[PDB]
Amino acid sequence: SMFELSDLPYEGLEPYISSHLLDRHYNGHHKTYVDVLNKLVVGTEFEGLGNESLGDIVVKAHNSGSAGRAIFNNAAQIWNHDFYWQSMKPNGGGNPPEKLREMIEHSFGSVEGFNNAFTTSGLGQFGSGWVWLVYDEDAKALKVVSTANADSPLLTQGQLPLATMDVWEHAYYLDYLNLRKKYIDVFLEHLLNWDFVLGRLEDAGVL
């Protein structure tokens, strides 16, 4: 019945995300969202709820408009960061597994087509935000979309999130400074967790 900072799935992602950067992003930014949300939900319908309710809280707070905006920003950021950490692994990146190949090829023309769409989307999100690989139920295909600030596919009907890459400047600044492209390159090359993507498409019954 309080929000908590959930454990990382790994000890680190060096040398791609430095020890210092991981510490500041996780124990600094992500931890602070958890603290702030605990403070904000007091006296509201969300008091005494835990991490499993985060998805529900995001949608309800967003629908509330002005009354729910701070709660939305913080709940959404916690949910987004949890998703981000699961979206990477040590020895990640590279080509998708065999069981994903056709869907990737169908949706983006080729692996290189995917890398290009993902990179374009990341450099295209002006200011703070997130890049998502999603399954679009109406297109019957994978898509790349970006969101501003704390927005996510939880806000959009028919769009199942599969992986995310944080493009808030704090996600990469300490290691890559203003070179967001260098960080995006590294994400695709060595971080993206295809086991997570695949596992979620299997859970949703898509594959």
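The numbering used is simple: start at 1 and walk along the sequence shown.
- Averaged over Cα atoms, the B-factor as recorded in the entry is higher for 195 to 203 than for the other of 11 to 19 and 195 to 203.
- The stretch with the higher mean CA B factor, choosing between 102 to 110 and 86 to 94, is 102 to 110.
- You'll see in the entry that, of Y26, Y33, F46, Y176, the Cα B factor peaks at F46.
- Comparing the C-alpha B-factors of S53, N149, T164, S66 in the entry, the top value falls on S53.
- When the modelled residues of the chain are ordered by C-alpha B-factor, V42 sits in the highest third.
- Split the chain's modelled residues into thirds by C-alpha temperature factor. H62 is in the middle one.
- Split the chain's modelled residues into thirds by C-alpha temperature factor. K181 is in the middle one.
- The entry lists a Cα temperature factor for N74 that places it in the lowest third of the chain's modelled residues.
- Per the deposited record, the Cα B-factor of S121 falls in the middle third when ranked against the other modelled residues of its chain.
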